[PDB]
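Peer 1: A single structure is presented below for examination.
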Amino acid sequence: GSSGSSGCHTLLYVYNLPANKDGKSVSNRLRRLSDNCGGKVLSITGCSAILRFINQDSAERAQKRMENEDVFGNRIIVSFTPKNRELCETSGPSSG
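Residue numbers (the numbering used here): 111 to 206.
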């Protein structure tokens, strides 16, 4: 199979970013918030961003911090899954 990847690492997905605020400025602000959460801002697209963490834990401290943090006069949202589409499908149990 091809569709779908599998890596120990843990990437994060940020949303609700201050587009107005030149990215060159936004990133940095995040970099610091990610540097402490053992993470790395791979790239920053539109009002969203993608980070790279070693393990879930590390990705959490950031997902729970940034989510509340405010890059600039704006609250950001951090999620482990993509916010491309929404569905009320009850499936996929949480194990290990």
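Note that beta-carbon positions come from the ideal geometry of N, C-alpha and C, so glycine has one too.
#1: Would you give the residue range spanned by the beta strand (DSSP E) that residue 129 belongs to?
#2: Would you say residue 177 and residue 143 are within 8 Å of each other, going by their C-beta atoms?
#3: Within a Cβ cutoff of 6 Å, which residues of the same chain sit near residue 182, ignoring the five residues on either side of it in sequence?
#4: Which of helix, strand or coil does DSSP assign to residue 197?
#5: Tell me whether residue 122 is buried or exposed, calling it buried when 16 or more other Cβ atoms sit within 10 Å of its Cβ.
#6: May I have the straight-line CA-CA distance separating residue 154 from residue 186, to the nearest angstrom?
#7: Between the Cα of residue 117 and the Cα atoms of 200, 126, 166, 201, which residue gives the shortest distance?
#8: Between which residues of its own chain and residue 65 is the CB-CB distance below 6 Å, once the five residues before and five after are set aside?
Peer 2: Quick look at the numbers:
#1: It is not in any beta strand (DSSP E) - residue 129 carries neither H nor E in the DSSP assignment.
#2: no
#3: 128, 131
#4: coil
#5: buried
#6: 13 Å
#7: 166
#8: Absent from the structure is residue 65, since the part of the chain shown begins at 111 and ends at 206.
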